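Only one chain comes next, encoded as structure tokens, the form deposited in one PDB entry.
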């Protein structure tokens, strides 16, 4: 009964890093939503305005370690992007129907975890409205991908993964386990989830766990196959990721 706590801090440590890596990101849209140059662009856009920003956002994505940062207009169209030089440049796409647009518009801020339309590449989409006098002038967006955290967490050998409240493995030190489940889903909500995750493909097959028995703590004994590794005795702890509505779980070996 001695791994319990040890794994329990290991987990609080993981959640914690993940809090901070999300917050690191969140600042970008935060400063950018008020930015006079961002603002300028949206009232009176012209070719040099939008170029300055394309670069301002290019340098920022680099320094912020963001996958993509892009500015969307009032209509839902992307106007400037970090990836503007890429063939995958998001400049000109229609995001009007994405929740990170519409929720940023309704609320001032929004965050939604999804699969890039073309990238098939998982991310937390973070957003903020840009206020106009009059009213909304557009939305700014930053995409956090989490290969860095995941490669941190592989580096422990307590494997770990993060679920949203529907029980869905969004972020994982074990690639294969991305998008499986902790909780039972039923008929009704299977296709709808696909939808929002932009991964109609998704398995929603449950992580290969047998012999779940809840030790007093709400920590659990556990038999897992890993990618490897036919079968394996293990310990499961949980923690809430502060600043998010995600859950973290760490399996400790024996």
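So that the term is clear: the rigid core is the largest set of C-alpha atoms that superpose within 1.5 Å between two forms. Positions refer to the first chain, counted from 1.
Subject >> CA B-factor placement of residue 71, once the chain's modelled residues are sorted into thirds >> reply: Answer is middle: the recorded C-alpha B-factor places it there.
Subject >> Modelled-residue ranking by C-alpha temperature factor, third containing residue 63 >> reply: Highest third of the chain for residue 63's C-alpha B-factor.
Original post:
Mind checking which third residue 124 falls in for C-alpha B-factor across the chain?
Top reply: Residue 124: CA B-factor falls in the lowest third of its chain.
Subject >> Chain third (lowest, middle, highest) by recorded CA B-factor, residue given as residue 108 >> reply: Tercile = lowest for this residue's CA B-factor.
**OP:** Name the third of the chain's ranked CA B-factors that contains residue 244, choosing lowest, middle or highest.
**Re:** It falls in the middle third of the chain.
Although it is not shown, the form deposited in another entry is what the next lines describe.
**OP:** Determine whether the C-alpha of residue 204 shifts by 2 Å or more between the shown form and the other one once the rigid core is superposed.
**Re:** Yes, shifts by 2 Å or more.
Subject >> residue 59 C-alpha moves between the shown form and the other one by 2 Å or more, core aligned >> reply: No; that C-alpha moves by less than 2 Å between the shown form and the other one.
Original post:
If the CA atoms of residue 13 and residue 197 move by 3 Å or more in that other deposited form, do they move toward each other or away, so closer or farther than here?
Top reply: Relative to the shown form, the pair is farther apart.
**OP:** Indicate closer or farther: the Cα atoms of residue 245 and residue 198, in that other deposited form, relative to the displayed form, with a change of 3 Å or more.
**Re:** Closer in that other deposited form, by 3 Å or more.
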